[PDB]
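Participant: For reference, the structure I am asking about is given below.
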Amino acid sequence: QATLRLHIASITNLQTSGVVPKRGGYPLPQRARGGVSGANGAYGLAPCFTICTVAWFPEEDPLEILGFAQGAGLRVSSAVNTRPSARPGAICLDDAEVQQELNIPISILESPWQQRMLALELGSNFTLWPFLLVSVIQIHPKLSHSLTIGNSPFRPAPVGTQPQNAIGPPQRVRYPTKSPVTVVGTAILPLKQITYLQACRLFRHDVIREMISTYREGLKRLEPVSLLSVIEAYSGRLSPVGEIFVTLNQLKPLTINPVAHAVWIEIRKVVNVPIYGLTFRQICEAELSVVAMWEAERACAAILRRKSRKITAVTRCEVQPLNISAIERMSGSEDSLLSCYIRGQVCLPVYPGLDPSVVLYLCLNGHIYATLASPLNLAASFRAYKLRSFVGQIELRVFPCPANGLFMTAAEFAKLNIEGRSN
Amino acid sequence: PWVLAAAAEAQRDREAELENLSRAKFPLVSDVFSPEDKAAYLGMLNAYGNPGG
Amino acid sequence: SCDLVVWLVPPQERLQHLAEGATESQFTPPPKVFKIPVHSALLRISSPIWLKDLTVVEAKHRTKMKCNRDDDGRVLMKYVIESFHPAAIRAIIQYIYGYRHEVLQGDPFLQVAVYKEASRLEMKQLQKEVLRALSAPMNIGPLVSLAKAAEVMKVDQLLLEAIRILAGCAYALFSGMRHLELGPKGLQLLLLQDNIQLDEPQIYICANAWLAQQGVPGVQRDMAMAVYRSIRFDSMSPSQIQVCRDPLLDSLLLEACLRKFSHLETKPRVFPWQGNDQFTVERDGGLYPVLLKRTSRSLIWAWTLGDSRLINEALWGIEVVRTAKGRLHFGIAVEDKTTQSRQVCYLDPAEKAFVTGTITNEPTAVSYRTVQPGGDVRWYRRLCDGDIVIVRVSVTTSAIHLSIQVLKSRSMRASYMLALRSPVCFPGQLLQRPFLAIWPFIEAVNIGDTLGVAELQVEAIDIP
Amino acid sequence: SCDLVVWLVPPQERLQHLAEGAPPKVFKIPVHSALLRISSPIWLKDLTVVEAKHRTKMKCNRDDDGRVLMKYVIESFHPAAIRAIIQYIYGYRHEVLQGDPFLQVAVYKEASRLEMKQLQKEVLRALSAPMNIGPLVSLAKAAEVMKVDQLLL
Amino acid sequence: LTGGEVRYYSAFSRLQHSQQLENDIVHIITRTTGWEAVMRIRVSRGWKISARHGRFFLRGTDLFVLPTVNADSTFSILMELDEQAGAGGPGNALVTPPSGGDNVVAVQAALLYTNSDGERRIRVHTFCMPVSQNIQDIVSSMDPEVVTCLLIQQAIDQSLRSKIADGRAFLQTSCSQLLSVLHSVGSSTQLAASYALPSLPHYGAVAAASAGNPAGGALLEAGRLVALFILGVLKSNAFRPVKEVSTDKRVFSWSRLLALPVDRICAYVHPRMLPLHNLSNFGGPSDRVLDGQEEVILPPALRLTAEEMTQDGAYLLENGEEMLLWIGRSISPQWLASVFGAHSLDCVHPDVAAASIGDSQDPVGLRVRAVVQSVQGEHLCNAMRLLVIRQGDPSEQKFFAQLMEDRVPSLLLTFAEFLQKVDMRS
């Protein structure tokens, strides 16, 4: 399959700080301030910064792709330290020489997934992937005087821990409350149109993110709109922040020996959730939201708020009584049988090293009420999946990840060493 | 490019001239009267307005 | 006109067999397959061991062109560096280019790593410019990895100054089993400083951890003995020396008595938290104050004061056991003012401010107390009984830093920077770290407020 | 390094048959070629051409590899002006500042071939130094002989 | 009403302070002071004295009763034409003495002062201006430093009886009416399209500093100097919005502007930024001991923009009240230790950097000595509050708001687009 690679190498004229002198308000964010943490005395831009460059497609998210590649297909660049851009003018600008290539295995040169959405794109009456975002994330440097945990890429060691992260099966995925990294600018590289040295206008994430949001929700409710639209639709907010000089002409060859990196779970409709304690009215006054989850996660609140692995409904929610000629004759019994037509495609990126097992949960508002009875352990329509009792049938198909032939076992991958990632 | 550069706060009077064609009508003395009639009223203010001053 | 690429690589060329090389989560995450072009010249003049390994690179690279006829083109040399140190090499290409930013003022933990290339690659002039970057108010942090630094390269001089500035940083070298890192040889010079402010049983229990974890002869009968004579086994209550019993030690503790009876003792640990007049010293037996009652002879809003400790960086541990909603004051005193007469800091738990003053002995006294500008502190969390409320300072050629931190919330940081120190005192032997002998300065309000000496935690404070 | 045979010779051009009436400095100096690189890339262009022409003569030659030091050729009546630029790079600037104005103008023209406007400015400052009317008319001679209009003005 | 100063050292807290109070009381007590002074101003016929400014008392119609004149007295007089005196007379032409034409007006100032040695002198000042009907020469003899300062004194009148915004709109309108005149006296219709920053000479040297600027180009660039000062007041602490300006500093800024010399007005409304990082390259090789008679040769006055500060520099700023030394970001530590004894800008305490300067006795450091102390002491009041600010210390709201060319966040407008506003309504 296609094997593309960009030689991200230049990121110059950055605004990391985010406090362009003409922004007045100078509370130099507690992410650019670097010194003896304190008052006027010590608090200023931190000599150099730590830059990381991820290359994500308009489908997945950036500050999470790292979560998979906390160590080191190839997408996350390496800690490149920045320098205080000189040149006349520019008082909060920054330069940095990443000089690292990114081998993104944009596999599939022909797929049904697109076909369907692609038709829905024209109104249902290398190409396909036409955009590659290269956002720069900044490692938050703590001031040299605070007494908290470290986050610096290079770090001293407490004997008894291998170069790994908090996602290992035994461990339970944590989601840093205080952000350990912020995105300081994305860059929409026009793939289709690709002494080379092509440039790119690093555009503030805020807008780019809001943009990526629309495209995302569009695909969800089976209504794909073309990026190009918003790119020239939203525009407006588009606020420049820097310039990443990239190298095109990689000439995609062929990949060797396949793997998974998706599941586009497509829920069709629920059937008889035995919702118990809840006023029939209050029930249909909730937000029936099915939320996917790659097993391991195992009910990790955070995920249940990510607007990517969650799909609520927009249709109506029928709430029948129960049994009839019985509970109806007995009255009360908050327990009720409820259904709904939650239509939408989710998309759970397969974490490299988690035995594939989607456990789509469903929470009226904030309460996992039912788990796909028994892990949908994939690896090897509607499967009439039963539902359980948490705090009895669902229609859903699992479009393949790249295109076909995928899903690696936790053990399977594990058995490959790989940057010691697996001892 | 166009979104990047044309987003400018440098209007002030180049915006201010626009509402003086829409919802800021302001019919003043010179607009209401002809030049010959304006001299008639402004000469009538000689004896009738502000008689103490 | 570059004509050379370095080709940095992950090391040993055996990426199925290795199971010992940098098998640790912290100082080597990544693989480092990098391609840096350098411009041929301005590479071999500066370095002795680069020139030793590059004249043979070009000699075996001329095996084609000096006997060729054609192919002018642009063909590169292939001088591979073999290393597991992640950044390491990258900062020294930017040195010899002439525009650095990462050696002289870069991010820490590379001020340790760039200096590793000084030892392993024979940079002698570079150590002077690196050592000025070490001269900085670091976040404790790089210094414990800098005690590991001089242990492996065996200079005996950088180890000597790493440990007297980390001697004030006790309760951080010991804390969350972090001396489990700190290797042999240089640990014997530890526990000889008069700057470790912890309780001697807490020094005892951490010392047993390092005597484990290796294989538990030669050093096993020489230094695994010399540790116990290094620890100050005097100044104890006998009720805690009685749990020291084992078929070891005995002749090398020698007494556990005698020096206790006749009233001349060894050197006390530092001094910390003595009481005079309205505070007194409540001993755990031998000499060391461990808890401080309020002892009124018969309220009084006065202060207490302590003895000397020459320190670059220190984070001495204070805990409280009983408190009624506040009623405490922290902040250090310092020695050097021109008309003597002291100057202190005063953690004001009423209007969230930082306050300086001046002192003329006779402990029930106050002279012209005044508030200060720069008071970054807020109030959110009430401090109840049983809290860790530790205080850490820094030092500067023309300033002093100071903070008060409580280890149970995202809140509770209390930072101020004291004014100019006034004189000069630079004990610099390849370094710059000023010493000043600040005296820790403690105050309490009403009857009670026992305070004491902090327990040596379970998990972490500041390094990882 | 140990190189620079440098057969720098005065040219003839117009003097094909007869030379105009009124020494030829054929150089042999044991210094390195890094001075020509530091000066300007103009001399570095002919430096690469000459060193690769000598290298081509030993490309197909494995046995006759006797050390001929890397040469150089220029066509100038005063190569001692290039020698003055050479010792300027070493560090003492005495012969550049004070000396024969006949040589000082020749350094100015070699700086015109250098495109190196730095030394052009301080030789315009060197003629502005307090200095007697004797060598003022001597540099008025020298700017006239080499047809340098601006320094003569 | 009695002629004194209103010095307003805010938040007076000794360690950050109290050196200026020692120095300025030494100036105030031991200066040239008159006593029991009687100021009177008079003007030739055909012209009156409408707006009178300064620190005095108005007795009668012409008597400025000043109990003590001081070394920094400055009184501003605005002349408007006298209709009843210019007309109705034998010499109805402007100032026509019986000898002949002699059409030259005169303004005469008298000061009946007691000096220190117990005796009375009348200090008499004489200024005269010849009379012209022609519009080219009347607009060519203007002074851009003084004409802006006059617009400030009438602006404080606008904001004292009316609101502050009425003063602010008065500067923008008076700028456009001056530029309509400068375009009317000109003839080439390309000077409106030019939006270049003018020449920026020293204070007091701006009379005819255009020199080689030819005719209408010199006439325009003097007006571009007007446009830079008049934009400058709109951005300065004197007419800035209330977000970062309290009322009480606004009172001190107004009260200072009504009594300063034209030198000290012009420093406030347009600073001098000085490059200080490579002072060794700025000064000559003759680094003699710098003690006054040795010429400092200060580095050239950089234009007060955002368009030239390299990020690894260190720049000084002077405005007459609060002189600020914003060092920056990646300044070379070999310069840093020479000027401030330390290793990094993190270890540079803000207050001792201002007090103790250049203690290492480096010739690099002594260059920084002469640069700061010459800027301190063009006049005898010397100490005017140096502060150092590194790139990020939150006080840099001051330093980036004494930049009169880039868009200050209080008033988002460049110098080029400010010209686009005022040349359109002209």
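Ordering of the structure tokens sets the chain letters (A, B, ...), residue numbers begin anew at 1 in every chain, and ligands are numbered from 1 in the order given.
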Within 10 Å of chain C, which residues of chain E show up when using only C-alpha atoms, listed as a list in words?

Facilitator: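 The contacting residues on chain E are residues 11, 13, 15, 16, 330, 332, 333, 340, 341, 342, 343, 344, 346, 347, 348, 349, 350, 351, 352 and 353 of chain E.
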
Participant: Take the residues from that selection and put them in a file with N, CA, C and O atoms, as an mmCIF file, in the first residue's frame.

Facilitator:
data_model
loop_
_atom_site.group_PDB
_atom_site.id
_atom_site.type_symbol
_atom_site.label_atom_id
_atom_site.label_comp_id
_atom_site.auth_asym_id
_atom_site.auth_seq_id
_atom_site.Cartn_x
_atom_site.Cartn_y
_atom_site.Cartn_z
ATOM 1 N N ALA E 11 3.509 54.296 45.385
ATOM 2 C CA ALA E 11 3.799 53.083 46.162
ATOM 3 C C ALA E 11 5.199 53.128 46.776
ATOM 4 O O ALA E 11 6.020 52.232 46.577
ATOM 5 N N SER E 13 8.140 52.615 48.765
ATOM 6 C CA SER E 13 8.402 51.479 49.645
ATOM 7 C C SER E 13 9.895 51.189 49.778
ATOM 8 O O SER E 13 10.295 50.032 49.937
ATOM 9 N N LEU E 15 13.007 50.154 49.351
ATOM 10 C CA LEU E 15 13.972 49.295 48.669
ATOM 11 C C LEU E 15 13.903 49.473 47.159
ATOM 12 O O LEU E 15 14.936 49.478 46.480
ATOM 13 N N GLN E 16 12.701 49.627 46.620
ATOM 14 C CA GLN E 16 12.493 49.932 45.213
ATOM 15 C C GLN E 16 12.604 51.425 44.935
ATOM 16 O O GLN E 16 12.488 51.845 43.780
ATOM 17 N N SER E 330 17.684 36.162 24.436
ATOM 18 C CA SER E 330 18.849 35.298 24.337
ATOM 19 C C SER E 330 20.098 36.154 24.205
ATOM 20 O O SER E 330 20.960 35.893 23.360
ATOM 21 N N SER E 332 23.727 37.617 24.942
ATOM 22 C CA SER E 332 24.951 36.861 25.171
ATOM 23 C C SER E 332 25.402 36.994 26.622
ATOM 24 O O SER E 332 25.506 38.115 27.135
ATOM 25 N N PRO E 333 25.651 35.881 27.317
ATOM 26 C CA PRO E 333 26.055 35.959 28.730
ATOM 27 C C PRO E 333 27.404 36.616 28.959
ATOM 28 O O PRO E 333 27.678 37.034 30.091
ATOM 29 N N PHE E 340 25.972 43.150 34.586
ATOM 30 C CA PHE E 340 25.285 42.754 35.813
ATOM 31 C C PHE E 340 25.978 41.498 36.329
ATOM 32 O O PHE E 340 25.951 40.459 35.661
ATOM 33 N N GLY E 341 26.608 41.592 37.501
ATOM 34 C CA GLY E 341 27.374 40.464 38.004
ATOM 35 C C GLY E 341 26.509 39.272 38.360
ATOM 36 O O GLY E 341 25.902 39.226 39.436
ATOM 37 N N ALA E 342 26.504 38.286 37.470
ATOM 38 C CA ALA E 342 25.624 37.119 37.505
ATOM 39 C C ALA E 342 26.034 36.204 36.356
ATOM 40 O O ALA E 342 27.040 36.443 35.677
ATOM 41 N N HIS E 343 25.246 35.157 36.135
ATOM 42 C CA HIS E 343 25.412 34.266 34.996
ATOM 43 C C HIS E 343 24.248 34.294 34.018
ATOM 44 O O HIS E 343 24.440 33.959 32.847
ATOM 45 N N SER E 344 23.053 34.678 34.462
ATOM 46 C CA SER E 344 21.870 34.646 33.615
ATOM 47 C C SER E 344 20.974 35.825 33.953
ATOM 48 O O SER E 344 21.118 36.466 34.998
ATOM 49 N N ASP E 346 17.918 35.394 34.583
ATOM 50 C CA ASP E 346 17.063 34.897 35.657
ATOM 51 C C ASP E 346 17.589 35.326 37.017
ATOM 52 O O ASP E 346 16.812 35.586 37.943
ATOM 53 N N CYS E 347 18.910 35.405 37.155
ATOM 54 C CA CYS E 347 19.538 35.795 38.408
ATOM 55 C C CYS E 347 19.724 37.299 38.540
ATOM 56 O O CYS E 347 20.275 37.752 39.549
ATOM 57 N N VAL E 348 19.289 38.079 37.553
ATOM 58 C CA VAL E 348 19.392 39.533 37.633
ATOM 59 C C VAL E 348 18.180 40.050 38.404
ATOM 60 O O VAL E 348 17.049 39.996 37.909
ATOM 61 N N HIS E 349 18.407 40.523 39.626
ATOM 62 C CA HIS E 349 17.337 41.146 40.390
ATOM 63 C C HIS E 349 16.981 42.494 39.766
ATOM 64 O O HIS E 349 17.877 43.245 39.367
ATOM 65 N N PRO E 350 15.688 42.806 39.631
ATOM 66 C CA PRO E 350 15.299 44.076 38.991
ATOM 67 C C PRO E 350 15.793 45.338 39.686
ATOM 68 O O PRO E 350 16.076 46.327 38.999
ATOM 69 N N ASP E 351 15.913 45.350 41.016
ATOM 70 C CA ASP E 351 16.207 46.619 41.680
ATOM 71 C C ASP E 351 17.707 46.882 41.776
ATOM 72 O O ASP E 351 18.144 48.033 41.655
ATOM 73 N N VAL E 352 18.516 45.841 41.982
ATOM 74 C CA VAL E 352 19.947 46.066 42.150
ATOM 75 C C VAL E 352 20.608 46.275 40.795
ATOM 76 O O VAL E 352 21.686 46.873 40.717
ATOM 77 N N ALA E 353 19.969 45.817 39.719
ATOM 78 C CA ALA E 353 20.460 46.110 38.378
ATOM 79 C C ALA E 353 20.356 47.598 38.071
ATOM 80 O O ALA E 353 21.219 48.164 37.389
#

Participant: Considering only C-alpha atoms, tabulate each residue of chain E that lies at most 9 Å from chain A along with its nearest interatomic pair and the corresponding distance in Å to one decimal; arrange the rows by chain and ascending residue number and present them as JSON lines.

Facilitator:
{"residue": "E:305", "atom": "CA", "partner": "A:89", "partner_atom": "CA", "distance": 8.6}
{"residue": "E:306", "atom": "CA", "partner": "A:89", "partner_atom": "CA", "distance": 5.5}
{"residue": "E:307", "atom": "CA", "partner": "A:89", "partner_atom": "CA", "distance": 4.3}
{"residue": "E:308", "atom": "CA", "partner": "A:88", "partner_atom": "CA", "distance": 4.4}
{"residue": "E:309", "atom": "CA", "partner": "A:89", "partner_atom": "CA", "distance": 5.0}
{"residue": "E:310", "atom": "CA", "partner": "A:88", "partner_atom": "CA", "distance": 4.6}
{"residue": "E:311", "atom": "CA", "partner": "A:86", "partner_atom": "CA", "distance": 5.0}
{"residue": "E:312", "atom": "CA", "partner": "A:86", "partner_atom": "CA", "distance": 6.5}
{"residue": "E:328", "atom": "CA", "partner": "A:91", "partner_atom": "CA", "distance": 8.3}
{"residue": "E:329", "atom": "CA", "partner": "A:47", "partner_atom": "CA", "distance": 6.9}
{"residue": "E:330", "atom": "CA", "partner": "A:84", "partner_atom": "CA", "distance": 6.4}
{"residue": "E:345", "atom": "CA", "partner": "A:42", "partner_atom": "CA", "distance": 9.0}
{"residue": "E:346", "atom": "CA", "partner": "A:42", "partner_atom": "CA", "distance": 5.9}
{"residue": "E:347", "atom": "CA", "partner": "A:42", "partner_atom": "CA", "distance": 7.9}
{"residue": "E:348", "atom": "CA", "partner": "A:41", "partner_atom": "CA", "distance": 8.2}
{"residue": "E:349", "atom": "CA", "partner": "A:41", "partner_atom": "CA", "distance": 6.4}
{"residue": "E:350", "atom": "CA", "partner": "A:41", "partner_atom": "CA", "distance": 6.8}
{"residue": "E:390", "atom": "CA", "partner": "A:44", "partner_atom": "CA", "distance": 6.8}
{"residue": "E:391", "atom": "CA", "partner": "A:44", "partner_atom": "CA", "distance": 5.6}
{"residue": "E:392", "atom": "CA", "partner": "A:44", "partner_atom": "CA", "distance": 3.5}
{"residue": "E:393", "atom": "CA", "partner": "A:44", "partner_atom": "CA", "distance": 5.4}
{"residue": "E:394", "atom": "CA", "partner": "A:26", "partner_atom": "CA", "distance": 6.1}
{"residue": "E:395", "atom": "CA", "partner": "A:40", "partner_atom": "CA", "distance": 7.7}
{"residue": "E:396", "atom": "CA", "partner": "A:26", "partner_atom": "CA", "distance": 7.7}
{"residue": "E:397", "atom": "CA", "partner": "A:24", "partner_atom": "CA", "distance": 6.7}
{"residue": "E:400", "atom": "CA", "partner": "A:21", "partner_atom": "CA", "distance": 7.1}
{"residue": "E:401", "atom": "CA", "partner": "A:24", "partner_atom": "CA", "distance": 8.9}
{"residue": "E:406", "atom": "CA", "partner": "A:22", "partner_atom": "CA", "distance": 8.2}
{"residue": "E:407", "atom": "CA", "partner": "A:22", "partner_atom": "CA", "distance": 6.5}
{"residue": "E:408", "atom": "CA", "partner": "A:22", "partner_atom": "CA", "distance": 6.1}
{"residue": "E:409", "atom": "CA", "partner": "A:24", "partner_atom": "CA", "distance": 5.2}
{"residue": "E:410", "atom": "CA", "partner": "A:24", "partner_atom": "CA", "distance": 7.7}
{"residue": "E:412", "atom": "CA", "partner": "A:22", "partner_atom": "CA", "distance": 8.3}

Participant: Run DSSP on the backbone and tell me which residues of range 130-231 of chain C come out as alpha helix (DSSP H); list them as a ChimeraX atom specification.

Facilitator: /C:130-134,144-153,158-165,200-211,219-230

Participant: Output C-alpha atoms for every residue in that selection, as a PDB file, in the first residue's frame.

Facilitator:
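Once everything was written out, this is result.pdb:
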ATOM      1  CA  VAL C 130      28.964  23.955  30.256  1.00  0.00           C
ATOM      2  CA  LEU C 131      29.780  24.647  33.923  1.00  0.00           C
ATOM      3  CA  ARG C 132      28.460  28.198  33.580  1.00  0.00           C
ATOM      4  CA  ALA C 133      25.139  26.695  32.454  1.00  0.00           C
ATOM      5  CA  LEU C 134      25.206  24.435  35.510  1.00  0.00           C
ATOM      6  CA  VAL C 144      20.972  14.226  41.590  1.00  0.00           C
ATOM      7  CA  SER C 145      21.622  13.116  38.015  1.00  0.00           C
ATOM      8  CA  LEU C 146      24.811  15.162  38.279  1.00  0.00           C
ATOM      9  CA  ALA C 147      25.862  13.091  41.273  1.00  0.00           C
ATOM     10  CA  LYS C 148      25.412  10.104  38.962  1.00  0.00           C
ATOM     11  CA  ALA C 149      27.457  12.105  36.442  1.00  0.00           C
ATOM     12  CA  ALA C 150      30.754  12.255  38.316  1.00  0.00           C
ATOM     13  CA  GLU C 151      30.350   8.708  39.602  1.00  0.00           C
ATOM     14  CA  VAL C 152      30.726   7.201  36.134  1.00  0.00           C
ATOM     15  CA  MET C 153      33.373   9.523  34.684  1.00  0.00           C
ATOM     16  CA  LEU C 158      32.408  17.594  40.276  1.00  0.00           C
ATOM     17  CA  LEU C 159      31.301  14.885  42.704  1.00  0.00           C
ATOM     18  CA  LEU C 160      32.706  16.955  45.580  1.00  0.00           C
ATOM     19  CA  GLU C 161      30.600  20.040  44.788  1.00  0.00           C
ATOM     20  CA  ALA C 162      27.502  18.137  43.658  1.00  0.00           C
ATOM     21  CA  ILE C 163      27.026  16.711  47.128  1.00  0.00           C
ATOM     22  CA  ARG C 164      27.543  19.728  49.377  1.00  0.00           C
ATOM     23  CA  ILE C 165      24.870  21.565  47.419  1.00  0.00           C
ATOM     24  CA  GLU C 200      18.640  10.148  62.302  1.00  0.00           C
ATOM     25  CA  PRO C 201      16.173   7.184  62.367  1.00  0.00           C
ATOM     26  CA  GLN C 202      14.951   8.370  58.960  1.00  0.00           C
ATOM     27  CA  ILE C 203      18.582   8.475  57.808  1.00  0.00           C
ATOM     28  CA  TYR C 204      18.964   4.975  59.281  1.00  0.00           C
ATOM     29  CA  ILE C 205      16.008   3.368  57.493  1.00  0.00           C
ATOM     30  CA  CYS C 206      17.018   4.774  54.099  1.00  0.00           C
ATOM     31  CA  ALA C 207      20.608   3.614  54.593  1.00  0.00           C
ATOM     32  CA  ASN C 208      19.424   0.008  54.956  1.00  0.00           C
ATOM     33  CA  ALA C 209      17.821   0.265  51.508  1.00  0.00           C
ATOM     34  CA  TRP C 210      21.132   0.952  49.754  1.00  0.00           C
ATOM     35  CA  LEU C 211      22.808  -1.861  51.702  1.00  0.00           C
ATOM     36  CA  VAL C 219      33.650  -3.827  49.577  1.00  0.00           C
ATOM     37  CA  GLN C 220      30.916  -5.907  51.246  1.00  0.00           C
ATOM     38  CA  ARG C 221      33.098  -5.989  54.385  1.00  0.00           C
ATOM     39  CA  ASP C 222      34.848  -2.616  53.951  1.00  0.00           C
ATOM     40  CA  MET C 223      32.236  -0.059  52.898  1.00  0.00           C
ATOM     41  CA  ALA C 224      29.179  -2.108  53.999  1.00  0.00           C
ATOM     42  CA  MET C 225      30.389  -1.156  57.495  1.00  0.00           C
ATOM     43  CA  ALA C 226      31.867   2.245  56.671  1.00  0.00           C
ATOM     44  CA  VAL C 227      28.316   3.425  55.953  1.00  0.00           C
ATOM     45  CA  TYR C 228      27.341   2.809  59.585  1.00  0.00           C
ATOM     46  CA  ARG C 229      30.327   4.706  60.957  1.00  0.00           C
ATOM     47  CA  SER C 230      29.429   7.412  58.421  1.00  0.00           C
TER      48      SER C 230
END

Participant: Could you pull the residues within 9 Å of range 10-15 of chain A, counting only C-alpha atoms, minus those fewer than 2 positions along the same chain, as a PDB file with C-alpha atoms, in the first residue's frame?

Facilitator:
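File written: selection_33.pdb
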ATOM      1  CA  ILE A   8       9.266  18.283   8.366  1.00  0.00           C
ATOM      2  CA  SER A  17       4.199  31.965  23.685  1.00  0.00           C
ATOM      3  CA  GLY A  18       0.864  33.040  22.150  1.00  0.00           C
ATOM      4  CA  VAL A  19       1.365  36.569  23.564  1.00  0.00           C
ATOM      5  CA  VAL A  20       2.327  38.535  20.393  1.00  0.00           C
ATOM      6  CA  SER A  85      14.411  33.638  16.386  1.00  0.00           C
ATOM      7  CA  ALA A  90       9.626  39.730  16.237  1.00  0.00           C
ATOM      8  CA  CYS A  92       7.972  36.682  20.968  1.00  0.00           C
ATOM      9  CA  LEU A  93       8.753  34.629  17.812  1.00  0.00           C
ATOM     10  CA  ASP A  94      10.708  31.287  17.696  1.00  0.00           C
ATOM     11  CA  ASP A  95      12.718  29.045  15.299  1.00  0.00           C
ATOM     12  CA  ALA A  96      13.424  25.249  15.428  1.00  0.00           C
ATOM     13  CA  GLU A  97      15.140  22.693  13.107  1.00  0.00           C
ATOM     14  CA  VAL A  98      13.111  19.434  13.366  1.00  0.00           C
ATOM     15  CA  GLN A  99      14.944  17.880  10.368  1.00  0.00           C
ATOM     16  CA  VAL A 136       3.157  21.185  16.454  1.00  0.00           C
ATOM     17  CA  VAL A 184       0.716  25.545  19.378  1.00  0.00           C
ATOM     18  CA  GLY A 185      -0.452  25.399  15.723  1.00  0.00           C
ATOM     19  CA  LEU A 202       1.049  27.165  10.617  1.00  0.00           C
ATOM     20  CA  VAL A 241       1.190  31.524  13.791  1.00  0.00           C
ATOM     21  CA  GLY A 242       4.325  30.447  11.832  1.00  0.00           C
ATOM     22  CA  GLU A 243       5.688  28.533   8.799  1.00  0.00           C
ATOM     23  CA  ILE A 244       6.703  24.816   8.490  1.00  0.00           C
ATOM     24  CA  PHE A 245       8.864  24.283   5.350  1.00  0.00           C
ATOM     25  CA  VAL A 246       8.121  20.737   4.078  1.00  0.00           C
TER      26      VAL A 246
END

Participant: Please determine, counting only C-alpha atoms, which residue among E:279, E:422, E:256, E:417 has the shortest atom-to-atom distance to chain B.

Facilitator: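 Among the listed residues, the smallest separation from chain B belongs to E:417.
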
Participant: Find the spatial neighbours of range 10-19 of chain B, counting only C-alpha atoms, within a cut-off of 8 Å - ignore same-chain residues fewer than 2 positions away - and output them as number ranges by chain.

Facilitator: B: 8, 21-24; E: 413, 417, 421

Participant: Please check the contacts: residues of chain B at most 10 Å away from chain A, using only C-alpha atoms, listed as a PDB file with N, CA and C atoms, in the first residue's frame.

Facilitator:
ATOM      1  N   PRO B   1      -4.260  34.239   2.990  1.00  0.00           N
ATOM      2  CA  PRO B   1      -4.031  35.330   2.037  1.00  0.00           C
ATOM      3  C   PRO B   1      -5.078  36.435   2.150  1.00  0.00           C
ATOM      4  N   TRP B   2      -6.232  36.239   1.508  1.00  0.00           N
ATOM      5  CA  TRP B   2      -7.287  37.246   1.564  1.00  0.00           C
ATOM      6  C   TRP B   2      -7.933  37.295   2.943  1.00  0.00           C
ATOM      7  N   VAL B   3      -8.202  36.130   3.534  1.00  0.00           N
ATOM      8  CA  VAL B   3      -8.720  36.085   4.897  1.00  0.00           C
ATOM      9  C   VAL B   3      -7.661  36.571   5.880  1.00  0.00           C
ATOM     10  N   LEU B   4      -6.394  36.270   5.594  1.00  0.00           N
ATOM     11  CA  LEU B   4      -5.298  36.638   6.484  1.00  0.00           C
ATOM     12  C   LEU B   4      -5.097  38.150   6.541  1.00  0.00           C
ATOM     13  N   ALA B   6      -7.093  40.890   4.742  1.00  0.00           N
ATOM     14  CA  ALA B   6      -8.201  41.839   4.701  1.00  0.00           C
ATOM     15  C   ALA B   6      -8.936  41.940   6.031  1.00  0.00           C
ATOM     16  N   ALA B   7      -8.648  41.054   6.979  1.00  0.00           N
ATOM     17  CA  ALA B   7      -9.196  41.163   8.328  1.00  0.00           C
ATOM     18  C   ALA B   7      -8.428  42.250   9.064  1.00  0.00           C
TER      19      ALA B   7
END

Participant: Smallest atom-to-atom distance to chain A: which of C:331, C:106, C:48, C:10, using only C-alpha atoms?

Facilitator: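 Selected residue with least distance to chain A: C:106.
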